[PDB]
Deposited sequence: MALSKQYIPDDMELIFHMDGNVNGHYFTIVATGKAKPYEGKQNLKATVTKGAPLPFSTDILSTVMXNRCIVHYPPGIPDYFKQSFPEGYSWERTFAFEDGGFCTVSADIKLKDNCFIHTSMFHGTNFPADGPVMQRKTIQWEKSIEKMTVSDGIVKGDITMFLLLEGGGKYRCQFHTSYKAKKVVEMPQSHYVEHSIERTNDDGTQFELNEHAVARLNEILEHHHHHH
């Protein structure tokens, strides 16, 4: 009956382009969905070494990795076994705009993640094209039901080389392939850390938990 276990495996294939630089990445990883914790190692197979900040991709490489308390409906764990997809728009403060889509399927113990990524209008000596991002700041995303599906808005900042912050607005729409119990408006706190990039291979780690307002 439980299609998602305490320990999951992760596979990822990403194809995309940024400013007309095409690339392709594969990665494998391990996760504990009920703890909201996961990690990855990615390997760039085309376009490497990446000429842009890995950070614009990192949040693209699954809301099932979020500790959901009882009394918040878990949209993501309930979408299985059929799975769910999501689309996301990234509007960066310097005009850079990224559209991304993703399919997530379930095969026994392994999440299979299908990511397409298009970024455009990133300035030549911006922090993205010159790869001067350090990390995303920890975040809290707001999840609301809209057109019968879950939506997820978050204002996000990248810390830059030498300090200072580079703002981005996320709009993610989550589409379950199936009729699930709909959640209320709630939040999901996030924290991603990017270890060990070298252009070609990188490590990701993320902790996320869903919570409510303190009414």
_In sequence order, which parts of the deposited sequence are missing C-alpha coordinates?_
1-4, 66, 221-228
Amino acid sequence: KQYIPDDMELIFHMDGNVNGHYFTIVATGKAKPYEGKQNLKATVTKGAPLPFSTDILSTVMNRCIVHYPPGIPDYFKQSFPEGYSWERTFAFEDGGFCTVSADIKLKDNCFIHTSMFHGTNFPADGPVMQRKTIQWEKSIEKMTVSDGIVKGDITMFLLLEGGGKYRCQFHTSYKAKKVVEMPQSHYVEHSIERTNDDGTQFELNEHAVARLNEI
From here on, numbers count along this sequence of modelled residues.
*Could you check which stretch, 70-78 or 121-129, carries the larger mean CA temperature factor in the entry?*
121-129
*Between 12-20 and 201-209, which has the higher average C-alpha B-factor in the PDB entry?*
12-20
*Between 162, 36, 29, 152, where does the Cα B-factor run highest in the record?*
162
*Within this chain's modelled residues, let me know which third the CA B factor of residue 166 belongs to: lowest, middle or highest.*
highest
_Chain thirds of CA B-factor: placement of residue 135_ = lowest
*asked:* Based on the deposited C-alpha B factors for this chain, I'd like to know if residue 143 is in the lowest, middle or highest third.
replied: lowest
*Compare the C-alpha B factor of residue 63 with those of the other modelled residues in its chain, then answer lowest, middle or highest third.*
lowest
*If you rank every modelled residue in this chain by C-alpha B factor, which third holds residue 175: lowest, middle or highest?*
middle
